[PDB]
Every structure is written in structure tokens, then in C-alpha cells.
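Chains as they are written, first to last, in the entry's author numbering: chain B, 76 to 287; chain C, 72 to 287; chain A, 76 to 287.
Where a beta carbon is used, it is the ideal one built from N, C-alpha and C, also for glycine.
To keep things clear, I will list the structure first and then write my remarks on it.
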Amino acid sequence: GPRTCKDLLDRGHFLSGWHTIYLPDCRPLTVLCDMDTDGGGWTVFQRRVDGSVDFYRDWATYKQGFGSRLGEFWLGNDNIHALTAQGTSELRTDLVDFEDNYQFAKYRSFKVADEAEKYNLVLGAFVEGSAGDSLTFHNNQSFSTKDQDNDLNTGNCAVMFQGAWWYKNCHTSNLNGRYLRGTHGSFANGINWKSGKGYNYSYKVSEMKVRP
Amino acid sequence: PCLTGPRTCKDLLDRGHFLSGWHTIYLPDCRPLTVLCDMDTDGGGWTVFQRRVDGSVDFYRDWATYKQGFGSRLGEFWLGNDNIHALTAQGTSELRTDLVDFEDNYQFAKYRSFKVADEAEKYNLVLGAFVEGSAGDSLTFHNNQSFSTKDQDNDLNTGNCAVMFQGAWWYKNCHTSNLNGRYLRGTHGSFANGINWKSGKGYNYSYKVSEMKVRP
Amino acid sequence: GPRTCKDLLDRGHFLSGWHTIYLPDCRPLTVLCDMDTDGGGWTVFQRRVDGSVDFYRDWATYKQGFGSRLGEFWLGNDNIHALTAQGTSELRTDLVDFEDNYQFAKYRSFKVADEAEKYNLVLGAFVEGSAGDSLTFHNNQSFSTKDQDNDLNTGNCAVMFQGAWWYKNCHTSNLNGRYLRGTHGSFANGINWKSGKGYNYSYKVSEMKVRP
Ligand SMILES: *[C@@H]1O[C@H](CO[C@@H]2O[C@@H](C)[C@@H](O)[C@@H](O)[C@@H]2O)[C@@H](O[C@@H]2O[C@H](CO)[C@@H](O[C@H]3O[C@H](CO)[C@@H](O)[C@H](O)[C@@H]3O)[C@H](O)[C@H]2NC(C)=O)[C@H](O)[C@H]1NC(C)=O
Ligand SMILES: *[C@@H]1O[C@H](CO)[C@@H](O)[C@H](O)[C@H]1NC(C)=O
Ligand SMILES: C[N+](C)(C)CCOP(=O)(O)O
Ligand SMILES: [Ca+2]
Ligand SMILES: [Ca+2]
Ligand SMILES: [Ca+2]
Ligand SMILES: [Ca+2]
């Protein structure tokens, strides 16, 4: 049984799409495989495309995943942990702006600790990216939702920034923020990536994906 | 195979399928049917039987086409009146209607029960009370009406509602909702012939997104 | 087991979508069925819809197929060969312009040969269609890509018209050309069908599909 989207590609599945893979415990998970980008074989765990799905959600909803296979989704923190748990996988963030310019950022390794240990981002070196590095900042940080104050801020970033992320004090990227659609008067609260288009530009497309 | 598998989108949710998407369920006669589950809205577990999203599919269709279903799992579809009957025949599924306008305003309507009868009763709508909903109630008017299409007029109008309003629905004389009407993209001059919900955006506004869905 | 999209239709699958069929040799293949158009039961091997996928690809990429089940794709020349080898598939070509006007072309028989014959086009008579006939000109020609020029031009048709096709000298259709979005000054390098909207109009939607 295929472990990853990479295995599916090696088995001759050349079209991107939803396929079932088997996580280490042999639980089946239907995941979105990107078989085109950068050699293919990526498992996509976040996708924003059109603002049809609310990403301003609570801890339990980020834990189990939400959205739709027909568009936007977060795969879920438990699933992302299970996917990235033993061994390691490249993280790749793909971004597409309103003018259709591609930026990306690729980290050597990526995982998140299980719910007992919050979803602490354990993340390797930045390898390369036109987006620049905007995650290492958040390394060794719990994930935080509006109703879960694991952030070290005097107040609540998730509420301040209308999303969820490994918030510290507070964020340099915010890809699960509001779908504001370009540049946006308010501060730090869209699909932002600081080193990319900054704290006042919300991307059109966001995808976070993993590969062995 | 049938006896092990899910019988509704609600069972799939309870088994840990948290993403909306197409999954195969087993009807009461054990027929497998691939249906769209909404796991994301109002607690999830809804089986979606109508979906409009971009006007790519013609909804101005005949009786036999509505009977069997048409459209695409990629986008827009009507699941089919025989399937909707089989999904709702045995007890109590509630109905949710989700509508999005071109300005990203989300409105909905929720009904306590919804059942459509078989082909022999012309898919008669059996509709429970309006629970709540920011779209207002534009379906109680249509309670106990036959389903009608352009080529089969079962309405209470002396004419042809399906033709007049370029749709297929449980028309009375004629309508207050028309979610299988034409994809007119927002404001239209033509009367009552779009994806309309009277109490919502009125007879001259065709929604961007329409979804009709059911749950136990 | 279903052998074609037509068998699926006859078994009561009335919604278009991706289903797995069994090729002549019993290899499973997940294919897009069009269950609506012209009686339904078509297996779609090419789809353009929005320009999200690059069709300017090499020989090996066209051989194995590329793109996405959520959108645009080429099914792959080996698969198209395997689908069309055993007998008589009709071909239907569906085109939509930017004013949502539909045109089509239908051919009696269509097959492509194997890799050794360079996926040669074997095309039966034109039956009808509002787009007119812009494929018979290409009868009995090898498929060409940028990196494998099997065309009748002193140069490279695939490069000159940014596509992949059964080019002669050079073309009257170019449905794997660039997604130029309606009328374009540039000559013959879009999703073009000469008898349809001409050498300077690139369709919004193109689909190529087959049925027994
Ligand atoms: C559904 O509507 C029925 C009438 O509509 C028709 O039947 C549909 C299923 C559909 O085929 C439609 O297009 C048809 O036109 C209602 O039936 C009527 O119900 C009436 C009572 O509400 C009944 O009346 C009577 O009232 C008293 C009873 O003591 C008598 O004095 C009188 O003689 C009548 O008997 C009427 O006769 C009946 N009509 C018909 C043609 O059957 C039906 O009740 C309604 N159902 C619900 C749940 O509202
Ligand atoms: C096709 O072209 C070949 C050479 O490429 C030639 O031998 C042949 O006669 C043609 N065949 C048919 C059936 O038209
Ligand atoms: C992936 N690529 C850069 C190495 C080879 C080219 O493939 P294609 O993109 O030309 O079809
Ligand atoms: Ca705090
Ligand atoms: Ca009438
Ligand atoms: Ca070469
Ligand atoms: Ca040449």
C-alpha cells in the first residue's frame, strides 16, 4: 500500500488528485497529491483558492481538519503530525498573488508534535524560496487557535489576526488568515507571509505540502 | 459489502471523514450511490443533492433527465429525483439550503423534515416546518406540490411554470424559490427566472452558489 | 468490470466524473467520464478550462499524461492508444469560447498508434459539427513535441506554435496550444481550431473525448 503521494507517482499515477494513502499505523487517509510541481509527489495539507471556506476556526476543528476536497481545506493537525512523524519530509509552501506571480519557500524538514504536546512546529532549515523564510521564526511553538491561548502574547494573536498558526508574539506568516484578496488596510490579518508580500497583502492561493 | 458500509454522509462523518467530498454510500435497497457529502457546514454530515456554482451545467432539462440526475461531480449537479426519493423515503432527514450571492453574503434556510415521494406521486414534496435561516422561508409555499419540468407540467398554474421560469421545481402557481433556474449571474431584468429565492434576494437576483442538502 | 465510460453510463452512473475502467489488457485506469454530452458515455482525454496547467511539454510528459483531475489534463499518449486500439471509438471535440458559445466536431473513428509509430493519428470521416473539420488535415501523422520533431516542416512546429500535436506544415488545429484567452494578435499559437474561431482566437474550454 502506498505510504505517500511520492509512492503513487512512482507507481504511475501522473495526474494530480485525491488518492488514499496509508499512514504508519495503517489508517487510510484520502489526500490531495500534486503530481506536477517541482517533480511531483507532494501531499497537500493546506489549500486556499477562492475564499469559499472559513479558516477562522477553533482548536478541535483544526485538529480534525475541515473544508472540502472540491477546493479549500486544512488536512488537520493530527493527520499532519502522523504524516510527518517518523522520518522527515520537505515542506513546500506555494503562493500565487493576484497578478499571478509565483513565490515559494522550501524547508528541508517539517513536523508537528501530537495534541498532547500541542502541535509544536518542529521544522528544519530553510533551503530556498522566492518567498523568503517566514516559518523558522515560529519553530518550537505551539499551534494556536482563537479559543486556545498557547501563544506567549499578553492577549490573543489568533483573535488579533483572524487565523491560526504557531503564534509566538505574534506572527511573521499567517496563511490560514482571512481571504482578504490582495492589499488590505488592516494589519497582519490576511493570508500573509512577511518576507513575501508583507503584513498587508493577502495571497490568492496558498498551498502547504510535504514530500519524503 | 452493503452491510458494512455507510448508508449516509452522517455515518461517514461519524467514521472520521472530516473533509467534504464525493463518497459512495449504500441506499436502503443496497444500491451503491456516489454522493457529495458536506462535512463542513452546520456540524456536517449533509448529503448534497443540488449544487450550483458557476453556470457550467444546463439545468433547463426534461423529466427523464431530472429523474436520473445530471451534471458533474466536478461542479454543478442534480442528484436525481429517484435518488432523492430513496435518500429521504424512510423517516426523517432535515433539509438545509445554502445560498451565496456575488458579494460573498451567505444566507441559508433550514427545514425540520424533507421527503420527496416516488415517481408515481410525481416526486411530491413533503416539507416540515421552517426552523430558522437568514434567507427567510421560500419553500413552505411549495409544500405538497408535484415536481414539474418543461416537458411535464404538474403545477397549479394554468400555464407552464417550468417554461415561464426556465427551471424545474415543485412549482405551485408558480414560485417563491427557483433554485434550478438559469445561472443569470446576479441582477437580471428578466422575471423570476434565475436562481431565485424570494425572501432572500428576490425575484431579480440569481445567486452565485446554491446547495440543497439533507441529514437525518 | 467496466471497460469504458459508456459501460458505466449503461450501469446507471449518470453524473460526469472520474471513474476507474479496465483497459483492453485489464490495467485499471481512472478516467474522466462525460455523461451528459450528446447522449453521454464519453471518455475525456484532453481538457482545457482555465490555463492553470502548462501544455507546452516534452515527449515523455505527453506519453505518461499530466495535469489534474480537478481541472486541466492530458490523459497520456500510451493511455489514449490503449483506449482506442481495439476497434472504433468515435471522437468528439467540444469547444467553448469566452462568450460561452459552444461549438463541436465529431469524427467516425479515431485512434492513435503506439509509441513506435509515434502515436500516429488515424482519423475516420467527419460526421458533423458547428466548429467544422480542422482535424482531417492531420490524418496519418506522427505526434510531435518540442523535443521530438516528427513533423513535415523544415523547422519545429511544436516550438513555433507552443503546443504538442500531430503537426504537418504546420497545423489547422492546436488544442494543446497556449491558453491565450480569446482573441490574440499572435499567430496560430493558442487553443485554436481554424474552421471554428480561426488562428487568432483561443478557446475558453476545449475537450477531446471518445466513445465506442
Ligand atoms: C395535498 O394537496 C391535495 C390536493 O392537491 C392534489 O393532490 C396532490 C397530491 C397533487 O396531486 C396536486 O397537484 C393535486 O391537485 C390535498 O387534497 C385535498 O385535501 C383536502 C382536505 O384538505 C380535501 O378536502 C376535503 O375537505 C372535507 C373533508 O372532510 C370535505 O368536505 C371535502 O369534500 C373534501 O373531502 C380534498 O378533497 C383533497 N383533494 C383531492 C383532490 O384529493 C391534500 O390534502 C394536500 N395534502 C396536505 C398534507 O396538505
Ligand atoms: C499514411 O502515410 C504513410 C507514410 O507516412 C503512407 O505509406 C500511407 O499510404 C498513408 N496511409 C494511409 C492509410 O492513408
Ligand atoms: C521537469 N523538466 C524541467 C525537467 C523537464 C521538462 O518537462 P516539460 O515541463 O518540458 O514537459
Ligand atoms: Ca496569550
Ligand atoms: Ca400548468
Ligand atoms: Ca529529442
Ligand atoms: Ca520539422
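Proximal chain C residues relative to residue i, where beta-carbon distance stays under 7 Å
i, result
"residue 148 of chain B", "90"
Distance CB(residue i)-CB(residue j) smaller than 8 Å
i, j, result
"residue 206 of chain B", "residue 164 of chain B", "no"
"residue 118 of chain C", "residue 80 of chain C", "yes"
"residue 260 of chain A", "residue 277 of chain A", "no"
"residue 111 of chain C", "residue 143 of chain B", "yes"
"residue 210 of chain A", "residue 227 of chain A", "no"
"residue 152 of chain C", "residue 89 of chain C", "no"
"residue 223 of chain A", "residue 196 of chain A", "no"
"residue 263 of chain C", "residue 246 of chain C", "yes"
"residue 121 of chain C", "residue 255 of chain C", "no"
"residue 173 of chain A", "residue 279 of chain A", "yes"
"residue 146 of chain A", "residue 128 of chain A", "yes"
"residue 108 of chain C", "residue 94 of chain C", "yes"
DSSP beta-bridge partners of residue i
i, result
"residue 198 of chain A", "A/185"
"residue 94 of chain C", "C/106"
"residue 220 of chain C", "C/223"
"residue 148 of chain C", "C/122 and C/142"
"residue 280 of chain A", "A/171"
"residue 248 of chain A", "A/268"
"residue 137 of chain B", "Answer is none; residue 137 of chain B lacks a bridge partner."
"residue 178 of chain B", "B/170"
Spatially closest choice to residue i from the options, by CA coordinates
i, options, result
"residue 225 of chain C", "C/103, C/243 and C/252", "C/243"
"residue 200 of chain A", "A/185, A/189 and A/108", "A/185"
"residue 191 of chain C", "C/161, C/258 and C/156", "C/156"
"residue 171 of chain C", "C/140, C/83, C/272 and C/91", "C/272"
"residue 203 of chain C", "C/179, C/127, C/78 and C/76", "C/179"
"residue 286 of chain C", "C/74, C/82 and C/76", "C/82"
"residue 268 of chain B", "B/248, B/114, B/77 and B/253", "B/248"
"residue 91 of chain A", "C/100, C/139 and C/114", "C/139"
"residue 283 of chain A", "A/169, A/175 and A/94", "A/169"
"residue 161 of chain C", "C/241, C/194, C/188 and C/212", "C/188"
"residue 241 of chain A", "A/208, A/93, A/193 and A/125", "A/193"
"residue 181 of chain A", "A/86, A/78, A/125 and A/113", "A/113"
"residue 100 of chain C", "C/85, C/77, C/84 and C/212", "C/77"
"residue 220 of chain C", "C/148, C/87, C/135 and C/102", "C/135"
"residue 177 of chain C", "B/126, B/148, B/252 and B/103", "B/126"
"residue 154 of chain C", "A/175, A/87, A/235 and A/236", "A/87"
Partner residues on chain A for residue i, Cβ-Cβ distance less than 9 Å
i, result
"residue 111 of chain B", "128, 129, 141, 142 and 143"
8 Å contact criterion, which residue i and residue j should meet: CB distance rounded
i, j, result
"residue 123 of chain B", "residue 281 of chain B", "4 Å"
"residue 131 of chain B", "residue 238 of chain B", "6 Å"
"residue 150 of chain A", "residue 98 of chain A", "About 12 Å; that fails the 8 Å criterion."
"residue 258 of chain C", "residue 231 of chain C", "Not really, about 25 Å apart at Cβ, beyond 8 Å."
Under 8 Å by beta carbon: chain C residues contacting residue i
i, result
"residue 151 of chain B", "89"
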